[PDB]
Amino acid sequence: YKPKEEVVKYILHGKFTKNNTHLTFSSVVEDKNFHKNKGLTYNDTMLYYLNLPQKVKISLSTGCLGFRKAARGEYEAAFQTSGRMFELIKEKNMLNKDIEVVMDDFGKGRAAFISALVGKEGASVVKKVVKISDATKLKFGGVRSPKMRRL
Amino acid sequence: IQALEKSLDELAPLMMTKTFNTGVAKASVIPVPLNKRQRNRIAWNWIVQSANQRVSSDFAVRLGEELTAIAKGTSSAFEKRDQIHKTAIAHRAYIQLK
Amino acid sequence: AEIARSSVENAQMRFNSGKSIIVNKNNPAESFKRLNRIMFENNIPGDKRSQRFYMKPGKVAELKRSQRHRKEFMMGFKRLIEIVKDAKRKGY
Amino acid sequence: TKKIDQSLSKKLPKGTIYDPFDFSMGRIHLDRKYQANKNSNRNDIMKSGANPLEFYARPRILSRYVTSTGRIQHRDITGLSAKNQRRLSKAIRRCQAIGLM
Amino acid sequence: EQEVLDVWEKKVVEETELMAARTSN
Amino acid sequence: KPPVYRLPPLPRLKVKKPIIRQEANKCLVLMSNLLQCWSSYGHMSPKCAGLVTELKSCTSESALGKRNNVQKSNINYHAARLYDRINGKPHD
Ligand SMILES: [Mg+2]
Ligand SMILES: [Mg+2]
């Protein structure tokens, strides 16, 4: 009957492409009065709690730390960008609830992000991380990729 | 002589980190063990450097005084040993063990 | 109602994808190693790379034939090495 | 230390006969090398004579032959005959299309 | 059995010490 | 039933890079433990006394100990010796 938005967990998403690394930190917000609404079916309630809304808090790329052009897709750019994220999560008091890490692709920043989180740079965030997962998007047939490059 | 050997055995570092130019990338700082002859060289050079800060014109006198102070506990080269062992403890994981 | 509140735990994990690991709070680097093993046993990195550029069907068929031959050839090679080692052990 | 890793010690079953070699490291290594899932046949429905296509509405049984992501296992891994592999794969694909797997 | 169990004792100890060092990593 | 894979006739039977077991150096492991002992109980702590004593003896004469650091594989010698006997080739 009253909006009671509360954070349930945080999602640390990393997209590691060939030319850049994108790191997004989000909050899984749950209106704790959703079940108190009128005209709400058991299906709508279960469907609302199975995909809870998400709000973006921190969005970073390797170009936000001053890495330009070809340097954006390198290992060092990702390692420093991962550090800046782990710091901004502590400077925003967003290290109280559990964090779920979602990694997307297999560029050079995937192993830098993992090293920065299992090392000194991520000794505070790693303590809250409860689940790691991969979200690489593959196609079963799908659209035709571009032709092979003749180099 | 027993005092000299005891001082050399306490001042010399057991291990020392060395940079190996392995690979086109940055060299690796890996702790390496030292033999007794290599340990004595490191400790002796520290003693000589400390001795040459004393006032006597005669090297034998400066060396004698330096060795007496080390046999009595006081020496500025124990700091050097602690700093070489700190670095090695930091790079303990860099060791290969095969 | 609460019926839709107390039955969300299983429901949440009932629609799993199989690409998730529960982190070991003690050794968090061992959980990332487990996730990497899943990726390699489902050929996720290989499939992603193979989907970047289009390959003609004839070329795809050629590569599939050669890869199978090399896989089978290696199995035949290991069988012969095992015979060698067994024969050596018995003094042949 | 009064403890040894299980991988470095062999536990001789009860009622079995042994040789002095059974206490050596060679036995440990030999048991690892020749460790195959040969007991699967007796626990493998698809290696019993049933038609795998009769299990297309039983995702629990079919889920034993796919990886964590749902990828059908190669015959090299399942150890099935060509016919059963062919029938099992059809069952899984049909199960996926019905909305059960 | 003693001859075999003596060699096995040495190897176990050796391999329970390499593991300790390798795992320390 | 387990599929046997039979190779075609081959010009040779050889392992490109035969695997060898390189036993770990006893002095290096002693150093790796002492370094760890100092990491927990502290540098020069009385708890690591035995480690220090053992390390000194291991490295007294040679920093890597007196070891037979030489091991080679013979698989290729035997494989070439036995291949013609065990390949199952038909008679001429
Ligand atoms: Mg690039
Ligand atoms: Mg185009």
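Every chain is numbered from 1 and lettered A, B, ... according to where its sequence line falls, protein lines coming before strand lines.
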Practice problem: Please assess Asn42(C) against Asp47(C) for the test side-chain contact (heavy atoms from CB on, under 4.5 Å), listing each intermediate value before the final yes or no. | Solution: CA-CA 9 Å; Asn42(C) 297 251; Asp47(C) 288 351; over 6 Å; no

Self-check item: Minimal non-hydrogen separation, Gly26(D) against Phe21(D), with atom names
Solution: C-CZ, 3.7 Å

Exercise. Sequence neighbours left out, what pairs pass side chain to side chain donor-acceptor pair (under 3.5 Å) with at least one residue falling in residues 55-70 of chain A?
Key: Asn20(A)-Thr62(A)

Quiz item: Between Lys97(A) and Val8(A), does a side-chain contact (heavy atoms from CB on, under 4.5 Å) hold up when you go through it step by step?
Solution: CA-CA 7 Å; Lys97(A) 295 161 184 297; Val8(A) 178; over 6 Å; no

Quiz item: Atom CG in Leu35(F), atom OG in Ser40(F): separation rounded to 0.5 Å?
Solution: 11.5 Å

Quiz item: Taking the side chain from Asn35(B) and the backbone from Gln38(B), do they hold a donor-acceptor pair closer than 3.5 Å?
Solution: yes

Practice problem: Report the distance from atom CD1 of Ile99(A) to atom NZ of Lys9(A), rounding to the nearest 0.5 Å. | Solution: 12.5 Å

Self-check item: Any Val52(F) side-chain heavy atom under 4.5 Å of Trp38(F) side chain
Solution: yes

Exercise. Just jot down the side chain to side chain donor-acceptor pair (under 3.5 Å) partners of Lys71(C), sequence neighbours excluded, or say none.
Key: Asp76(D)

Quiz item: Can you name the side-chain contact (heavy atoms from CB on, under 4.5 Å) partners of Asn27(C), sequence neighbours left out?
Solution: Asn24(C), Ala29(C), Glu30(C)

Self-check item: Side-chain heavy-atom pair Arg39(B), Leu14(B) within 4.5 angstrom cut-off
Solution: yes

Exercise. Look up atom OG1 in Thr53(F) and atom CG in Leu34(F), then write down how far apart they are to the nearest 0.5 Å.
Key: 9.5 Å

Self-check item: Partner of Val101(A) by side-chain contact (heavy atoms from CB on, under 4.5 Å), out of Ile114(A), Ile132(A), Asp134(A), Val125(A)
Solution: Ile132(A)

Self-check item: Partner of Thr68(B) under side-chain contact (heavy atoms from CB on, under 4.5 Å), chosen from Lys72(B), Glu66(B), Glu65(B)
Solution: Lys72(B)

Quiz item: Can any side-chain N or O of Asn68(F) pair as donor or acceptor with the backbone N or O of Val70(F) at less than 3.5 Å?
Solution: no

Quiz item: Measuring from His29(D):NE2 to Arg32(D):CZ, what's the distance to the nearest 0.5 Å?
Solution: 5.0 Å

Self-check item: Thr23(E) (side chain) donor-acceptor with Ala20(E) (main chain) under 3.5 angstrom
Solution: yes

Quiz item: For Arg67(F) and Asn69(F), does a side-chain donor sit closer than 3.5 Å to a side-chain acceptor?
Solution: yes

Give every donor-acceptor pair under 3.5 Å between a side-chain atom in residues 5-15 of chain E and any protein atom, sequence neighbours left out.
{"from": "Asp6(E)", "atom 1": "OD1", "to": "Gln2(E)", "atom 2": "NE2", "distance (Å)": "2.8"}
{"from": "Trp8(E)", "atom 1": "NE1", "to": "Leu8(D)", "atom 2": "O", "distance (Å)": "3.0"}

Exercise. Flag yes if more than 12 heavy atoms outside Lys19(C) fall under 6.0 Å of its NZ atom; otherwise flag no.
Key: yes

Exercise. Answer yes or no: are there more than 12 heavy-atom neighbours, outside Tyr41(F) itself, under 6.0 Å from its atom OH?
Key: no

Quiz item: Can you name the ring pair (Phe, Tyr, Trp, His ring centres under 6.0 Å) partners of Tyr18(D), sequence neighbours left out?
Solution: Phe23(D)

Quiz prompt | Geometric class of the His43(F)/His85(B) ring pair [parallel <30°, tilted 30-60°, perpendicular >60°] | solution = perpendicular

Exercise. Side-chain contact test, heavy atoms from C-beta onward, threshold under 4.5 Å: evaluate it for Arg54(B) versus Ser56(B) and give yes or no.
Key: no

Practice problem: Would you check if there is a donor-acceptor pair between the side chains of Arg62(B) and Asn52(B) at a distance under 3.5 Å? | Solution: yes

Quiz item: Do the side chains of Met39(C) and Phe106(A) get nearer than 4.5 Å, heavy atoms only?
Solution: yes

Quiz item: Is the number of heavy atoms from other residues, nucleotides or ligands under 6.0 Å of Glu41(C) CD greater than 12?
Solution: yes

Exercise. For residues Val118(A) and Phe32(C), determine if any side-chain heavy atom of one lies less than 4.5 Å from a side-chain heavy atom of the other.
Key: yes

Exercise. With sequence neighbours excluded, tell me which residues meet side chain to side chain donor-acceptor pair (under 3.5 Å) with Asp19(D).
Key: none

Quiz item: Would you find a donor on one side and an acceptor on the other, under 3.5 Å apart, between the side chain of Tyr83(F) and the backbone of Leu10(F)?
Solution: yes

Practice problem: Scan side-chain atoms only and decide if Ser7(D) and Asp5(D) contain a donor-acceptor pair under the 3.5 Å cut-off. | Solution: yes

Quiz item: Hey, mind stepping through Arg49(C) and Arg52(C) against side-chain contact (heavy atoms from CB on, under 4.5 Å) and telling me if it holds?
Solution: CA-CA 6 Å; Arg49(C) 291 193 297 277; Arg52(C) 181 181 172 194; 5.9 Å; no

Quiz item: Crowded around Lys98(B) NZ? As in, over 12 foreign heavy atoms under 6.0 Å?
Solution: yes

Quiz item: Just how far is it from atom CG of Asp104(A) to atom NE2 of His13(A), taken to the nearest 0.5 Å?
Solution: 4.5 Å

Quiz item: With sequence neighbours left out, what residues match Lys36(B) under salt bridge (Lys or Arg N to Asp or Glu O under 4.0 Å)?
Solution: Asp9(B)

Quiz item: With a 4.5 Å heavy-atom cut-off, do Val129(A) and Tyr10(A) have their side chains touching?
Solution: no

Exercise. Might you confirm whether atom CD of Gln2(B) has over 12 heavy atoms from other residues, nucleotides or ligands at distances under 6.0 Å?
Key: no

Quiz item: To the nearest 0.5 Å, what is the distance between CD (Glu1(E)) and CD (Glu3(E))?
Solution: 10.5 Å

Exercise answer: donor-acceptor pairs, residues 11-33 of chain F side-chain atoms, under 3.5 Å, sequence neighbours excluded:
{"from": "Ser32(F)", "atom 1": "OG", "to": "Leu28(F)", "atom 2": "O", "distance (Å)": "3.3"}
{"from": "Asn33(F)", "atom 1": "ND2", "to": "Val29(F)", "atom 2": "O", "distance (Å)": "3.2"}

Exercise. Check whether more than 12 heavy atoms from other residues, nucleotides or ligands sit under 6.0 Å from atom CE of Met19(E), and answer yes or no.
Key: no

Practice problem: Mind listing the closest non-hydrogen atom pair of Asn21(B) and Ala27(B) along with its distance? | Solution: OD1-CB, 3.4 Å

Side-chain atoms of residues 76-89 of chain A: list all donor-acceptor pairs with protein atoms under 3.5 Å, sequence neighbours left out, distances to 0.1 Å.
{"from": "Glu76(A)", "atom 1": "OE2", "to": "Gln80(A)", "atom 2": "NE2", "distance (Å)": "3.3"}
{"from": "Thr81(A)", "atom 1": "OG1", "to": "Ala77(A)", "atom 2": "O", "distance (Å)": "2.5"}
{"from": "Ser82(A)", "atom 1": "OG", "to": "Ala78(A)", "atom 2": "O", "distance (Å)": "2.9"}

Exercise. Using a strict cut-off of less than 4.0 Å between a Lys/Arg side-chain nitrogen and an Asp/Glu carboxylate oxygen, indicate whether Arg27(D) and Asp22(D) qualify as a salt bridge.
Key: yes

Could you go through residues 78-92 of chain C and list every donor-acceptor pair under 3.5 Å that involves a side-chain atom there, pairing it with any protein atom two or more places apart or in another chain?
{"from": "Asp86(C)", "atom 1": "OD1", "to": "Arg89(C)", "atom 2": "NH2", "distance (Å)": "3.2"}
{"from": "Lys88(C)", "atom 1": "NZ", "to": "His78(F)", "atom 2": "NE2", "distance (Å)": "3.4"}

Exercise. Could you tell me whether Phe78(B) atom CZ has more than 12 heavy atoms of other residues or ligands within 6.0 Å of it?
Key: yes

Quiz prompt | Residues that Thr19(B) engages under side chain to side chain donor-acceptor pair (under 3.5 Å), provided they are two or more places apart | solution = none

Exercise. Please step through side-chain contact (heavy atoms from CB on, under 4.5 Å) for the pair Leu11(B) and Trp46(B), ending with a clear verdict.
Key: CA-CA 9 Å; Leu11(B) 196 64; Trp46(B) 287 346; 3.9 Å; yes

Self-check item: Counterpart residues, side chain to side chain donor-acceptor pair (under 3.5 Å), relative to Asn96(A) (two or more places apart)
Solution: none

